[PDB]
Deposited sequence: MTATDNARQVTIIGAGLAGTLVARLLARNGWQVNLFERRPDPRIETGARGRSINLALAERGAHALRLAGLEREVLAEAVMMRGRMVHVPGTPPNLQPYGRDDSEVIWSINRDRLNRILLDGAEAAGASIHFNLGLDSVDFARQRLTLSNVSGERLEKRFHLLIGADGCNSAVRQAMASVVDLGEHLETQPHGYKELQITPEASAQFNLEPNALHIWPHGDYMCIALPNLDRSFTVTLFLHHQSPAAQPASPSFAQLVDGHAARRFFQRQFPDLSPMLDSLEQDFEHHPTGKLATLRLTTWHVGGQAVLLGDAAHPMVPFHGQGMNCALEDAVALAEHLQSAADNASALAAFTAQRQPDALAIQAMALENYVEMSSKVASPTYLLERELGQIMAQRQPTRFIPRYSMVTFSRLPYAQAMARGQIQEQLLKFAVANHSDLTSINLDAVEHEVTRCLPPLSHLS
């Protein structure tokens, strides 16, 4: 049997461990954290993720989709909150087949861990990768207390997240051609209790947004009607706008409360533990990291966040990481040798990872914000109705289909260009020749 060592029992690592182990590979998975399945008296994390078609299909191939979805809340659309007006729902898709699912990260990880072990993978927790000796095919791991342990490896998979130790180790043997692009927004997680969400009639079957231009809040529901709120706000106020809100101005929980009372007045009464959450939850960082190289011969490869950290605004980090795990397991299973599998995997996935990194950055303006846009959107809706296999809004191609990300971006561009020229110099729909716009759709967009 072929052997593989995987670093990181996260989302991509555990899925790839299950896929390889059920195909007879000898799989050893190393994880820095403790096993979340061992019940402790600790107060566990309430992180929510939006699972879409790419991630759902990956779980489906692994036989874990039904179990994951039993524990997922349907989000039918985007509920936009602007003070004084009732929330505007905005369906994501055409029917209940075109939805996103809100899943608790810890519930998903336990399912994936059980799945990897059921398939035959051995999982070793409380062991963090420190360094790799590529020449001797040996790695060094340690616990939190610093006690070191060495292990031999044949194939190394770096599924160890955005601050990947495998990626850092690879940089000593190859030029990764690494380009880090920082993002000015930090993030803070806040809670809405089931009692508060019910009292304020917050819809459980939707993704909620409180747009505020340069900053915003989002909320994802849980099975028990609680919601995890995420505030996106600049770490620092720019030089040009020193008065503009930022985390640097929010000195403590009380300042955060004052800020929410002023800027998010319909949201502040639902956040009962705002002051404590603000002070005890750390401010997260966001970034895009692009690498020219994802592998070292046939010895090691990166996937998921280890390969392509992206900004969170499209909810595609996990979906892309799960899609990578399927592609990696497929390439490894059927290749002539590991070196061929890793080069083929990298060549296939890199253009698509670059496309989703770009689309995730573009989605911030779509969430946090024009009559021209409204007319384009209305025309876009008519074209999707008239031509459903040709005109598919970019959000739907990314979220509800498995079309390669680079193709969704290219088609999305043809559509934006088509709508722009069609609405130009028209105040409303009545002056636009709809049949001529439809002819342009049939001429420029091949059916999918």
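Checklist entry - When the deposited sequence is counted from residue 1, which ranges lack any model? => result Unmodelled stretches, in sequence order: 1 to 6, 376 to 378, 458 to 461.
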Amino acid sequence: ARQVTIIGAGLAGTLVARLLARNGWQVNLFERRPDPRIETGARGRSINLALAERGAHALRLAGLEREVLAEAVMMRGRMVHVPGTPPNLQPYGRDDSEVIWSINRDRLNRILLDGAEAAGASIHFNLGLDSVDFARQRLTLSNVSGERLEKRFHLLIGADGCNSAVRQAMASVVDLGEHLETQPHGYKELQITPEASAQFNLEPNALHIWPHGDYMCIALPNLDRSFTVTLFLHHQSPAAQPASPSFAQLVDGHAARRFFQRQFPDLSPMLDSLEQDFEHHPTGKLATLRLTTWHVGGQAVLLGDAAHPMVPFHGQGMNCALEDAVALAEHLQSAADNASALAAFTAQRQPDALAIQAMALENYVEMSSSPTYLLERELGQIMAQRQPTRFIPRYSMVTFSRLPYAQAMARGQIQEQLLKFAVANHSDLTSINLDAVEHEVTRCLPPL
From here on, numbers count along this sequence of modelled residues.
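For clarity, a rigid core is taken as the largest C-alpha set superposing within 1.5 Å between two forms.
Next on the checklist: So, in 7 other deposited structures of this protein, taking the root mean square over structures and residues of the Cα distances after a rigid core fit: is 203 to 211 or 141 to 149 the more displaced stretch?
Outcome noted: Once the cores are fitted, 141 to 149 deviates more in 7 other deposited structures of this protein.
Next on the checklist: Core-aligned, RMS over all structures and residues: is 84 to 92 or 256 to 264 the stretch with the greater C-alpha displacement in 7 other deposited structures of this protein?
Outcome noted: Farther from the shown form on average in 7 other deposited structures of this protein: 84 to 92.
Item to check | Between 143 to 151 and 293 to 301 (mean CA B-factor, as deposited), the higher | outcome: Higher mean C-alpha B-factor in the PDB entry: 143 to 151.
Checklist entry - As stated in the PDB record, which stretch has the larger average Cα B-factor, 46 to 54 or 375 to 383? => result Mean C-alpha B-factor is greater for 375 to 383.
Checklist entry - Of the choices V398, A70, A410, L419, which one's C-alpha carries the largest B-factor in the record? => result That would be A70.
Item to check | Largest Cα B-factor, entry values, listed residues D337, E181, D277, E366 | outcome: Spelled out: the listed residue with the top C-alpha B-factor is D337.
Checklist entry - When the modelled residues of the chain are sorted by Cα temperature factor, does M318 land in the lowest, middle or highest third? => result Its C-alpha B-factor, which the entry lists for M318, ranks in the lowest third among residues of this chain.
Next on the checklist: Test of reading the entry: by CA B factor among the chain's modelled residues, which third contains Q90?
Outcome noted: For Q90, the deposited C-alpha B-factor lands in the highest third.
Checklist entry - Where does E195 sit by CA temperature factor within its chain: lowest, middle or highest third? => result It belongs to the middle third of the chain when residues are ordered by C-alpha B-factor.
Next on the checklist: Splitting the chain's C-alpha B-factors into thirds, which one does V326 fall into?
Outcome noted: Its C-alpha B-factor belongs to the middle third of this chain's values.
Checklist entry - Split the chain's modelled residues into thirds by Cα B-factor; is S102 in the lowest, middle or highest one? => result It falls in the bottom third of the chain.
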